[PDB]
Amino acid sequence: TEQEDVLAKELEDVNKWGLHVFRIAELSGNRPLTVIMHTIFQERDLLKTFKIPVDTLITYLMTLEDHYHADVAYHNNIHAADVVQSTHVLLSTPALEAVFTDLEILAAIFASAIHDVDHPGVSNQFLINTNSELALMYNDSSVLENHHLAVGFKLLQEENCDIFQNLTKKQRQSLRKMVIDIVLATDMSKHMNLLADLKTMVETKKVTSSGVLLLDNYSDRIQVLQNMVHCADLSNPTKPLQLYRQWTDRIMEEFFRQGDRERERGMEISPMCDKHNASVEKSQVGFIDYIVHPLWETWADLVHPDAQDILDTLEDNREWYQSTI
């Protein structure tokens, strides 16, 4: 059709920060995760490298996409698609050229795709406070993030879904470990510790003779990939404003809906979740000043100057939201 050529044209931007991911969700028939993952796998030659049969890739991607909730405004398949594509661009940065194996690239991108699957649109703390089945199963520790990993790996077992069927045993074992390490690190309560280790690596940075970042050991390697996917997760305020604003609209609907459940249950309402006492603009500014900018400023230092434009957009968007109060 012609509609698929409009999508093919939009998928030419897959290597650019600020891809119009909502448009790709429209043109793909609510399949952004599938088409962006497929496009990225092609672009990085991962199907040939890992002997992934193309029909197995599509079947798994669609089943994965299916297990994101379409009735959750933020933590859905579009967010998933966005984090995948943002990680993809972050992998491409000059300061990281030829740093990561094809297996590590594969783990980072797969982790990003599964990283929020079957998110119910409420927080870990809500799930703990309400004595949810999820919290009971995972003993109040990385409750959502454990669940995303369990669902993401378990779907590889569905008919014609094992996109890793042609990896060696040791490649599967290494990848499984790296993916778990990555997604468990997206637990928001780990951000401070994650950023502290990132600062320390920035303060003791070492580059090779090609001016490219030097990582001697699994600990440093996995930690860079953990922060990379965490940054991609918290990248909405680094995007062009017309994108950023829709992500704000979507997170506040989710947060407001959680607050209405907290309120009905007699609970104290979570930060930013009270629709009767909200301050969306001041919260975005606060969230950038205390969380997103300290994080992205540190990442920008790690890959300096590759990330300068991304950080400038972040600063402009913070200025814009500030100007509305």
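Residue indices: 1-based, along the sequence shown. Just so we're on the same page, rigid core means the largest C-alpha set that superposes within 1.5 Å between forms.
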Check: Relative to the presented form, and with the rigid core used for superposition, do the C-alpha atoms of 22-30 or of 260-268 deviate more in 9 other deposited structures of this protein?
Finding: 260-268
Item checked: Higher-deviation stretch (C-alpha RMS, rigid core fit) in 9 other deposited structures of this protein, choosing from 164-172 and 208-216 -> 208-216
Checklist line | Stretch exceeding the other in mean C-alpha B-factor - 152-160, 207-215 | finding: 207-215
Item checked: Between the two ranges 198-206 and 101-109, the one averaging a larger CA B factor in the entry -> 198-206
Notebook entry, point to check: If you compare 266, 294, 32, 286, which has the highest Cα B-factor in the entry?
Noted result: 266
Next item on the list: From the list 146, 93, 139, 246, select the residue with the highest C-alpha B factor recorded in the entry.
Entry: 93
Item checked: Record-listed C-alpha B factor of residue 220: chain third -> highest
Item checked: CA B-factor placement of residue 169, once the chain's modelled residues are sorted into thirds -> highest
Margin query: Using the temperature factors of the C-alpha atoms in this entry, rank residue 56 within its chain: lowest, middle or highest third.
Written below: middle
Check: If you rank the chain by CA B-factor, which third does residue 257 end up in: lowest, middle or highest?
Finding: middle
Notebook entry, point to check: With respect to C-alpha B-factor, does residue 64 fall in the lowest, middle or highest third of the chain as deposited?
Noted result: lowest
